[PDB]
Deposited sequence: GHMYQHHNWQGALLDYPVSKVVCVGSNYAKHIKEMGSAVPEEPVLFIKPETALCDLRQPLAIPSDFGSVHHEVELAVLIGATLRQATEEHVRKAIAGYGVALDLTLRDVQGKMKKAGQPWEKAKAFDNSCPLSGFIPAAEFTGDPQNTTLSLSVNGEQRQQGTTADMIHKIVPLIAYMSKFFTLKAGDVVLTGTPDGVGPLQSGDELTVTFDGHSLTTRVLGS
């Protein structure tokens, strides 16, 4: 239980940890593709990153993370709005090789998208403390000095409150849950020893991969 919710400063928030609901592709329609990362996959983005080594390449997906503050079931956008508790950044770490086998087989994705620590996550910035428009926020990821992902929240197909509203249709989001909103173009592979710095609207963190 290493991971726990906290603001940017590092102080703990009064929200449990539980699940992370994620969107398939959401950057440039057909209903949003949905999958879920378990509590086990959550981890501090500020500490070294632990990646599997015997399952094939591991890709990085920088994404905007929305922290739910109250329960949403078959919710309306007004409810979503009032409920989101903050924003931060995450890496929708995924085992591409494994996923390909899964897709071709029409099989669950948990092996490729839900393995341990497959969701490093930054601290959160309180909803009414977030300077700027979440729907128009900058997302970037650089690996060893080279920027590999750059985009803005405005390029999302399904916006933030609509997507969350849609998600609640299949799974009730309780407070403490996190929502990954998709990744921009530029998804790449991660390797032991790489140093990577993630960034979203004026905020940055730099960590490294172990092996």
Not represented among the modelled residues are deposited positions 1, 30 to 39, 223
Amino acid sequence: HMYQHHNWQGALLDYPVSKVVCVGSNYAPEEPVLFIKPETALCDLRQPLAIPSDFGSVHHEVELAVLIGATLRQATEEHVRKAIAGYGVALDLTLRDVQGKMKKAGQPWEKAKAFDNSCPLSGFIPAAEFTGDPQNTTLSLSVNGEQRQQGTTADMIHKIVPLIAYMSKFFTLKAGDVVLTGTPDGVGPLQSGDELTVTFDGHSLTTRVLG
From here on, numbers count along this sequence of modelled residues.
Going by the entry, of stretches 37 to 45 and 157 to 165 the one with greater average Cα B-factor is 157 to 165
Mean B factor on CA atoms, stretches 62 to 70 and 141 to 149, record says higher is 141 to 149
Of the residues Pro52, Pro29, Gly182, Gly176, the one whose Cα carries the largest B-factor in the deposited record is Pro29
Listed options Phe124, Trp109, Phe115, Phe130: highest C-alpha B factor recorded at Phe130
The third of the chain into which the C-alpha temperature factor of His5 falls is the lowest
For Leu91, the third of its chain by CA B-factor is the lowest
Quick tally, chain-level thirds of C-alpha B-factors: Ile84 sits in the middle
